[PDB]
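Student: Mind looking over this structure? Questions follow.
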Amino acid sequence: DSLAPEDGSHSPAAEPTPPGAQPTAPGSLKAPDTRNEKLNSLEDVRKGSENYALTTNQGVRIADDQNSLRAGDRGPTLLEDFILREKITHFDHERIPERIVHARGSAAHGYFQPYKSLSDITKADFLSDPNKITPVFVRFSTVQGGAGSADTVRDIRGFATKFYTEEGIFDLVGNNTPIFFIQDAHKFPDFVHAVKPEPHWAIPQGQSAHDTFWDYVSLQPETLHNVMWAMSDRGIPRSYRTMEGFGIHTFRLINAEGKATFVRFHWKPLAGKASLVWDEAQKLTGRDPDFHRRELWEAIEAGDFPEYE
Amino acid sequence: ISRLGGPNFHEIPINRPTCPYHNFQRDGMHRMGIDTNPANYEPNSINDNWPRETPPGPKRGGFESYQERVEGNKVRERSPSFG
Amino acid sequence: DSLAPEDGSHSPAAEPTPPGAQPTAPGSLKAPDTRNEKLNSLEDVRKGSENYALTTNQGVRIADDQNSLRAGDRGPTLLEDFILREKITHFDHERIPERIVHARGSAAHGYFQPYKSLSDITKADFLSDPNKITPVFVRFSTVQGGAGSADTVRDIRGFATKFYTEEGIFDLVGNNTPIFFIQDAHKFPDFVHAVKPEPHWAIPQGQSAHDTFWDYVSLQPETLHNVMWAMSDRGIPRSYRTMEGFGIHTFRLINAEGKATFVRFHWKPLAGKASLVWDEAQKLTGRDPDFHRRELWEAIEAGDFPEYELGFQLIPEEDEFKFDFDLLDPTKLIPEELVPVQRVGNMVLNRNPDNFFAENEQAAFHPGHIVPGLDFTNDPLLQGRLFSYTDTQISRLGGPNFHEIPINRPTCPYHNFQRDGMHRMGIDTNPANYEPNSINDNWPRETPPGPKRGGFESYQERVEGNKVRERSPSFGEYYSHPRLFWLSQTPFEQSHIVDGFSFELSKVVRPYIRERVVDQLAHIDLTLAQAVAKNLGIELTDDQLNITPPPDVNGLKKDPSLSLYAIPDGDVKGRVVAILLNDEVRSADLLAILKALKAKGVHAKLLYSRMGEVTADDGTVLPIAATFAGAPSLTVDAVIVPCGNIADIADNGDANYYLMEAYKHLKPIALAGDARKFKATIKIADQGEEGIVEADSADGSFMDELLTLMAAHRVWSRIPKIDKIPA
Amino acid sequence: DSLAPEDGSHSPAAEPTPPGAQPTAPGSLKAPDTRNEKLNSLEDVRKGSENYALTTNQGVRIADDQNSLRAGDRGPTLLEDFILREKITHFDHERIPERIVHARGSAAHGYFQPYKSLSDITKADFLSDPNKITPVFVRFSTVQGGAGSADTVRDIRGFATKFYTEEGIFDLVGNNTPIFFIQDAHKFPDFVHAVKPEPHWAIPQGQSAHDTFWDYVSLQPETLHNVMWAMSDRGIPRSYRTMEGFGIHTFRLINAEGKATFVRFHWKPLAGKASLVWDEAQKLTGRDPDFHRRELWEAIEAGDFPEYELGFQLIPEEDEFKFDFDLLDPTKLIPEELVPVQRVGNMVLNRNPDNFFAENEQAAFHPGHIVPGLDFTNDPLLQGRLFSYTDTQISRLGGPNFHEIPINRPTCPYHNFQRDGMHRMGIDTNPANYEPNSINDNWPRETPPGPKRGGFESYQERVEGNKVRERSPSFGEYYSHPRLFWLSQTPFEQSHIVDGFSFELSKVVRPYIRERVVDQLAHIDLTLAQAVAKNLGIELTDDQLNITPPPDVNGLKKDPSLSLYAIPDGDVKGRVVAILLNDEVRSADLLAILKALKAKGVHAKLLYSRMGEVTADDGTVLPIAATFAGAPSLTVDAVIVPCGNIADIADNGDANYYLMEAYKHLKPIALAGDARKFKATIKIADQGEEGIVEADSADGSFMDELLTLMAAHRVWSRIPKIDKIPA
Ligand code: HDD
Ligand code: HDD
Ligand code: HDD
């Protein structure tokens with residue numbers, strides 16, 4: 001009953017390997033020895049597969065997963081085939097709405113550690129002890145395109161970090177430029193509608209290069225600063241590893257004595273800052289629309305972990 | 001699908017089997033189970049075809065319908081015996 | 001308060017205009033006088049905008065749509081700002097789930113009209129009289145990629161038509177190849193999961209070129225027939241206008257006397273069959289991921305309406321078992337040499353939607369939506385489809401009232417005892433919500449079946465057998481149809497199939513999967529298998545070289561109707577030519593070029609190294625449509641270079657590459673006067689070659705030769721020359 | 001194929017008819033001539049039924065709606081039965097989430113008209129012209145129970161009015177008491193969770209009589225004021241027609257000069273104030289859980305329209321701080337003795353919906369739906385309400401397009417740049433979906449504020465303070481308003497409050513909670529506290545007996561407007577009388593009875609020991625409406641027994657109990673001729689007593705005396721006599 005090759009060449013080595021040397025794999029199979037508190041806490045919902053019987057969602061073993069139940073082997077399919085209907089029902093409802101913005105994104109697990117206690121300026125527990133390790137989950141993204149759009153478009157990039165701290169989840173939801181296009185949230189649907197595919201025909205995907213975007217820009221000069229960044233090579237990063245991150249807004253740090261300090265957040269890439277050039281980026285959306293997602297996944301599989309200060 | 005919000009209603013705790021369940025179904029709203037199978041289809045070679053079908057048998061076998069004989073034309077008709 | 005330009009140049013003309021001549025627009029503003037019964041019935045939900053106040057959804061006029069309400073102009077935003085919250089709430093919930101498959105699609109309104117009454121073979125009302133005009137809504141699609149994926153991927157294409165008939169909605173939900181990959185609907189999630197992005201990392205988008213797809217194929221030889229089609233140039237159509245459509249399954253036509261005839265449905269494109277080549281298609285997903293969506297919309301705005309002839313392959317009930325294959329097997333085609341396609345009517349797509357989301361995204365097609373005069377068969381793929389297309393709408397469209405979404409509404413009457421459900425629009429006045437009832441005199445009432453305006457009754461097919469989960473043995477043949485397809489292609493089409501398999505298998509990381517697929521190809525044709533094997537560094541064994549080929553299909557050595565190009569059918573109307581300008585164009589050349597193109601309905605785009613204008617030798621001001629890089633040769637069907645100051649562009653890398661890319665992609669190229677110096681960049685000798693038009697000046701003969709080349713689509717004889725071209 | 005009776009008795013007459021005379025029907029079939037702008041605007045979604053074929057939702061006629069498609073008439077059902085699957089799918093998804101609170105409610109259409117222009121104090125367009133008619137849709141409700149819970153529970157009632165104005169929808173979302181239980185919206189889930197069924201076992205339905213509610217009350221004295229109202233007979237109204245309505249919060253009116261006036265909204269019932277008594281209300285939840293829904297629908301079918309006068313309490317901005325309590329505290333009422341209610345206009349409810357689910361269940365009211373001329377205040381309960389009523393519709397009504405559900409649609413224009421979302425009905429043609437735009441000349445456009453037809457601008461209230469989660473100290477007083485309410489009630493109303501607390505606390509299992517509530521009552525009034533304590537077997541301590549009462553409210557020791565009954569306001573129109581028949585009724589009695597009731601708009605129910613008919617002494621055939629047990633005295637306002645063959649019913653247990661129950665519940669009873677023998681059943685002396693009408697015959701003053709009793713609602717003087725009745 002074995003369909004795997006006898007030489008075992010179907011299974012990727014569970015050790016760091018360079019891009020293309022092995023098939024890519026789920027993280028807990030590729031790197032079983034990598035752990036953190038969050039990864040450990042997900043074990044209760046991880047599901048295996050090897051050596052298990054194929055079942056319905058109700059736990060009933062399936063004998064023939066190749067055929068519908070019919071009245072004769074050339075007959076009509078019967079309504080009483082609950083195995084078919086459960087399998088097709090689940091398939092029929094697989095999709096959930098994509099994010100309104102930043103629908104295209106690539107994510108990884110990791111950890112954060114502060115260099116020293118910041119208790120003089122903030123009572124935040126995750127910043128209180130250099131030995132305190134906080135698990136993170138990070139998602140990098142474009143802004144305009146759908147979940148099935150291309151990576152190397154000209155766009156702003158999102159850089160969202162979920163810190164699983166001992167005193168609650170802290171999400172630092174930033175972008176790869178230090179400002180945004182607009183001043184007041186009331187205008188967000190206007191700006192986003194202008195940059196998104198135009199409503200009559202739903203064109204263009206992953207591009208601000210169309211009338212409605214530049215119409216809005218020309219009528220809203222507050223947008224010009226972030227437009228400058230988007231039109232620069234900042235808009236076409238070489239990799240999620242080679243871009244900066246910013247929280248954009250001024251927030252506050254609050255210490256134990258009640259003192260507030262204004263703060264803006266920054267991520268500094270250990271790999272440095274690097275971008276493509278336009279002709280390359282555009283052609284690459286055709287040759288490999290998954291280039292950034294792939295590069296992130298493969299760097300981690302190689303042990304070449306993305307790092308950000 | 002409407003009452004419980006989608007196709008993962010078997011993951012709501014009261015509905016969960018206490019016996020094993022494994023298959024190639026994926027995703028859907030409020031998906032709890034995180035599948036590690038490299039494959040989400042069968043037949044597959046990349047996971048040596050697991051999880052695997054099980055032939056019917058006296059115990060722990062796969063489900064097979066009783067091979068009742070069906071004979072008749074396709075009709076929307078009540079059986080006279082019900083009348 | 002007016003932000004529009006004083007000259008009115010913001011507003012597109014409400015008249016047919018060629019691609020790029022005007023901004024595109026909602027269909028009811030571009031073509032307000034194009035009407036049909038369905039389009040007219042949508043007027044109750046169309047919303048205008050001009051001269052109206054900006055309001056909340058509750059009708060309250062907004063005074064300041066630029067600012068949130070705050071405590072001081074530098075203060076915190078207040079929870080009482082209901083205008084902000086309503087606007088952001090609506091934004092926050094704009095997205096609905098995309099279709100599980102065929103998420104990427106482009107749609108248009110049109111109409112269908114039969115050529116004659118089909119009453120002798122079907123009682124379907126929409127086919128009963130050549131005077132019956134039926135509105136349609138058609139959505140073309142890819143299969144694998146998301147709604148935001150690219151158009152010109154290698155994939156099967158969907159071709160779904162909603163017929164708004166006087167006796168109900170009929171949805172013909174087909175594809176652009178005559179078979180499907182699998183035999184039984186129970187396997188659909190397996191096949192789709194295998195072709196879709198792999199579940200760990202969600203790669204690759206819009207591509208079958210990955211391990212899991214070819215793993216499934218190698219283990220399920222039933223897939224090989226449709227795989228052959230996908231690896232051919234059928235997988236990369238030039239336009240939705242230049243592909244065929246097929247219902248795939250055998251259905252039944254039922255006439256008034258109750259006689260059943262088996263039928264397979266066909267759409268024949270008036271524009272002919274035409275496809276890209278792989279390198280062009282792949283690069284075009286980067287240069288313009290919206291290319292097919294754009295070309296469909298712009299053809300309709302130009303008056304180049306997509307047209308498709310509906311055809312039926314008809315097989316009497318008594319002939320069910322007269323072929324080498326099972327009629328109910330959706331992995332088998334019916335060769336036109338054995339059963340001709342009888343043309344029965346024509347469909348014209350003549351208006352774009354107003355709002356993509358409301359009309360395209362929310363449209364629900366389902367092959368179970370049939371009408372009296374049609375019926376199903378036991379095809380086990382069709383049988384399971386019947387369950388899926390109603391089920392899936394409960395999440396995708398939010399509940400069981402999806403038929404009340406305007407695009408989905410029948411134009412004929414509908415009345416029943418169904419009630420409630422999320423977003424219920426219809427307010428029922430019937431005292432009864434059940435039947436039988438006396439309190440409403442049993443209305444609405446059942447209708448017996450009959451020749452016209454009768455109730456639906458299934459054809460009383462005899463069913464005999466035991467309840468089994470079992471594939472019919474008649475379905476267990478996998479190689480003869482792939483071989484018939486292979487043998488029916490031209491030599492260059494065969495080369496492109498080889499290159500398709502070779503490219504895709506090269507992207508499979510696990511080598512044994514490649515080897516298993518090559519072994520399957522050896523069961524189809526050894527020339528195909530050896531050619532793919534050579535490109536993969538695989539050597540066939542002596543055992544593989546001795547595999548007996550499968551038998552012919554009912555005596556057929558080939559069927560040229562399976563080739564895109566063996567029988568010429570192309571027409572140039574609606575195609576487009578790039579014209580590469582210089583700063584002092586020979587106006588006489590351009591006059592003759594544009595006159596000849598206009599006479600044939602071929603569009604032109606004037607390209608230069610910058611935007612703005614250039615002035616011809618006689619003072620004619622020429623407006624520039626795009627730069628060489630902004631509208632690459634990928635987006636056109638041919639390239640013409642008129643004479644003038646050729647020195648202006650002779651050393652321009654983009655201009656030289658424009659011709660090299662077009663040359664590599666087998667497109668016609670025409671060079672007038674000093675533009676013939678560009679022959680050096682494409683390595684064409686002074687004596688010239690077939691496929692490169694050249695003359696001292698552009699003229700009638702010059703343009704006749706180019707338009708003849710365009711009618712043949714591509715210059716296949718150039719293929720031996722392109723491998724040395726660095727492009 | 002017609003199942004209706006040949007005599008047409010299945011169809012109710014489309015004319016006003018009294019309760020029970022005809023089957024009830026959808027409003028547009030019962031009263032097609034009753035129209036308003038909103039009702040007319042719904043015609044595009046109303047669906048008929050008569051003379052139409054039964055179809056699928058796709059418009060396909062159904063031939064056999066009695067059977068599934070099967071392989072043989074005794075065979076398995078086939079998956080290809082799309083008619084079955086569509087019908088069952090729709091059934092399977094009929095239900096939507098019920099409202100979090102106020103899930104049980106009953107609704108009607110109507111209209112509002114102001115008495116005079118209020119332009120001096122508000123620019124609200126619907127209040128600008130006495131000739132301007134504003135359509136309304138009103139939903140009355142309970143609070144705690146589910147959509148399937150009973151009407152006549154002890155609870156607060158909701159009173160929600162949707163005004164379809166020319167300048168937007170205004171929703172006045174009020175209750176039947178002038179205060180709420182809590183001060184800050186942050187506590188709303190705590191309070192509601194405490195009153196709702198307890199989470200382990202989901203008991204009790206429709207009742208605050210359980211530990212968690214009284215636990216919360218005992219720990220949150222701010223609740224005591226509205227608790228007092230709920231424990232009074234206010235908690236058990238006779239009908240939605242006989243209760244007051246209140247907006248509770250202080251809002252603002254804004255005039256064209258920008259001047260703000262504080263306002264509290266009031267509804268005054270034309271039918272007067274009237275409530276049940278507890279034993280009656282509780283038993284009625286069993287005998288007819290739909291009593292209030294039924295009475296509302298049947299009053300409208302009878303042409304006896306519920307009417308309510310809108311009134312305003314108006315407080316100038318400079319008087320904000322001149323009261324002992326904070327105007328922004330929703331646990332405090334504004335006594336009418338301090339600020340009179342000024343009459344504003346009248347609302348008439350004159351047509352029932354067609355489909356309860358489509359119009360009632362799907363209606364969305366929200367107090368943030370205001371119009372120019374109105375504004376909010378910093379009331380911290382109102383402030384949080386503004387968030388909830390938009391948010392909750394995303395799940396309840398399936399997404400952000402809930403304003404497109406027909407009942408919710410404005411009748412005035414609504415245009416904006418919002419797009420998409422689930423169930424999107426409107427098809428936007430605007431080239432732009434953003435502003436500012438030039439491509440549509442910036443339409444739809446913002447509108448500056450102005451005297452009429454202007455944009456919404458918030459009143460520029462001064463805000464000064466630090467960001468704090470802190471209750472205003474001015475809110476920290478909890479007992480003076482409960483005491484004012486207590487002191488304003490009649491002695492019998494006070495007894496009913498004592499009995500309400502006593503009964504509810506008896507259902508609290510943990511005795512310490514009862515003791516803690518009694519301690520709170522001792523801070524309100526020691527007479528109340530002692531009487532409740534006595535009924536609970538609790539002895540007040542000396543310390544409790546020495547608690548100083550809270551101060552008067554701005555010098556008031558009572559305000560009679562807080563009593564249901566202190567100032568008579570009852571009108572008998574729309575009430576109902578049970579008439580207990582015998583097998584040979586004295587027809588002269590019955591003629592005098594029925595005609596006197598009819599002249600005052602009082603309905604009658606002819607009751608007997610069986611259904612069918614009886615014949616009077618003169619041969620008149622009398623149709624029986626219900627049996628004694630089938631329409632118990634709980635469902636009527638008074639009981640009349642005419643003379644005749646009294647021996648027929650004298651020993652009937654149900655007939656005797658009918659009188660005992662009505663007697664216990666303080667209802668007027670009238671006995672003519674030999675019917676006076678029933679005085680022995682209710683233990684009434686030969687000389688008679690006030691509240692029992694008796695005479696030799698029903699002529700003379702008999703009916704006037706009974707109608708006078710009915711105008712006073714109940715016979716409160718009878719209370720000492722019922723306290724030992726075995727009934
Ligand atoms: C008021 C609306 C609004 C405004 C003004 C912004 N966003 Fe946002 N953003 C959203 C509304 C939103 C959202 C609709 O809530 C999203 C989409 C789906 C989601 O979960 O959140 C989102 C997603 C989203 C993501 C993706 C998170 C993920 O990976 O899942 C990022 C990185 C940002 N945003 C970052 C920003 C930045 C840097 C902004 C400017 C400083 C910004 N957003 C303004
Ligand atoms: C049992 C499952 C199943 C099977 C075996 C098939 N499909 Fe399908 N198809 C669906 C389940 C489905 C679906 C999940 O129900 C979709 C996705 C969203 C939808 O509305 O229907 C769909 C969408 C869909 C569309 C897009 C319609 C649109 O534009 O909205 C087309 C053209 C087809 N299919 C065509 C086919 C063809 C030609 C098939 C083989 C003969 C086929 N499908 C087999
Ligand atoms: C912050 C939460 C919150 C608070 C403090 C209140 N409510 Fe509320 N109310 C809701 C949250 C809510 C809600 C959850 O949003 C409901 C349930 C379903 C709905 O549409 O709105 C609702 C329904 C609802 C209804 C039923 C409307 C209908 O018939 O559909 C009425 C009459 C009221 N409420 C009245 C009030 C009054 C008079 C309050 C105190 C002055 C009050 N509510 C406080």
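Ordered as shown in the structure tokens, chains take letters A, B, and onward, while each chain numbers its residues from 1 and ligands are numbered from 1 in the order shown.
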Please identify the residues whose atoms come within 6 Å of ligand 2, using only C-alpha atoms and all ligand atoms, and report them as an mmCIF file with C-alpha atoms, in the first residue's frame.

Tutor:
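What follows is the written file part.cif:
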data_model
loop_
_atom_site.group_PDB
_atom_site.id
_atom_site.type_symbol
_atom_site.label_atom_id
_atom_site.label_comp_id
_atom_site.auth_asym_id
_atom_site.auth_seq_id
_atom_site.Cartn_x
_atom_site.Cartn_y
_atom_site.Cartn_z
ATOM 1 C CA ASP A 92 -17.384 24.053 -0.452
ATOM 2 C CA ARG C 99 -15.080 31.132 -4.960
ATOM 3 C CA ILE C 100 -13.361 27.893 -3.889
ATOM 4 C CA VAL C 101 -12.271 27.422 -7.513
ATOM 5 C CA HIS C 102 -12.473 29.848 -10.440
ATOM 6 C CA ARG C 139 -18.193 34.818 -16.586
ATOM 7 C CA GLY C 158 -13.961 28.430 -17.070
ATOM 8 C CA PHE C 159 -16.789 29.559 -19.377
ATOM 9 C CA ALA C 160 -20.051 29.971 -17.449
ATOM 10 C CA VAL C 173 -21.191 25.969 -16.493
ATOM 11 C CA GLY C 174 -18.366 24.792 -18.726
ATOM 12 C CA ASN C 175 -14.615 24.997 -19.391
ATOM 13 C CA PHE C 180 -12.145 17.205 -17.063
ATOM 14 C CA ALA C 185 -16.871 14.092 -7.894
ATOM 15 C CA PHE C 188 -12.690 16.789 -6.539
ATOM 16 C CA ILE C 248 -17.959 18.497 -20.856
ATOM 17 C CA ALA C 364 -23.829 32.422 -8.692
ATOM 18 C CA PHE C 365 -23.720 29.876 -11.511
ATOM 19 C CA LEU C 381 -18.685 13.944 -11.890
ATOM 20 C CA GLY C 384 -21.693 15.356 -7.435
ATOM 21 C CA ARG C 385 -21.470 18.846 -8.926
ATOM 22 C CA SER C 388 -21.811 21.588 -4.515
ATOM 23 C CA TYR C 389 -23.074 24.671 -6.352
ATOM 24 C CA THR C 392 -21.187 26.674 -1.467
#

Student: Please report as a PyMOL selection string which residues of chain A come no farther than 12 Å from chain D, using only C-alpha atoms.

Tutor: chain A and resi 68-72+75-82+84-85+97+100+186-202+211-221

Student: Taking the DSSP assignment computed from this structure's backbone, write out as a VMD selection string all residues of segment 27-81 of chain D that belong to strand (DSSP E).

Tutor: chain D and resid 46 to 47 69 to 71

Student: Restricting the output to N, CA, C and O atoms, write the selected residues as a PDB file, in the first residue's frame.

Tutor:
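Contents of again.pdb, freshly written:
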ATOM      1  N   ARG D  46     -42.858  43.346  -2.405  1.00  0.00           N
ATOM      2  CA  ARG D  46     -43.961  42.470  -2.031  1.00  0.00           C
ATOM      3  C   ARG D  46     -44.164  41.414  -3.106  1.00  0.00           C
ATOM      4  O   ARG D  46     -44.112  41.706  -4.304  1.00  0.00           O
ATOM      5  N   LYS D  47     -44.391  40.179  -2.672  1.00  0.00           N
ATOM      6  CA  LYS D  47     -44.641  39.062  -3.574  1.00  0.00           C
ATOM      7  C   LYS D  47     -46.042  38.530  -3.326  1.00  0.00           C
ATOM      8  O   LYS D  47     -46.408  38.248  -2.179  1.00  0.00           O
ATOM      9  N   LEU D  69     -37.293  12.708  -5.644  1.00  0.00           N
ATOM     10  CA  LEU D  69     -36.907  11.859  -6.768  1.00  0.00           C
ATOM     11  C   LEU D  69     -36.141  10.643  -6.250  1.00  0.00           C
ATOM     12  O   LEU D  69     -35.145  10.780  -5.530  1.00  0.00           O
ATOM     13  N   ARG D  70     -36.597   9.451  -6.624  1.00  0.00           N
ATOM     14  CA  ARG D  70     -35.987   8.217  -6.143  1.00  0.00           C
ATOM     15  C   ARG D  70     -35.856   7.219  -7.288  1.00  0.00           C
ATOM     16  O   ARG D  70     -36.543   7.315  -8.306  1.00  0.00           O
ATOM     17  N   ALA D  71     -34.961   6.244  -7.109  1.00  0.00           N
ATOM     18  CA  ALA D  71     -34.813   5.150  -8.075  1.00  0.00           C
ATOM     19  C   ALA D  71     -35.851   4.083  -7.742  1.00  0.00           C
ATOM     20  O   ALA D  71     -35.626   3.192  -6.920  1.00  0.00           O
TER      21      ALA D  71
END

Student: Expressed in Å to a single decimal, how great is the separation between atom CA of residue 45 of chain D and atom CA of residue 444 of chain C?

Tutor: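 Computed distance, atom CA of residue 45 of chain D to atom CA of residue 444 of chain C, equals 17.3 Å.
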
Student: For chain B, work out the contacting residues on chain A at 7 Å, counting only C-alpha atoms, and write them as a ChimeraX atom specification.

Tutor: /A:2-4,10-11,25-26,45-59,61-65,71,87,89-91,93-96
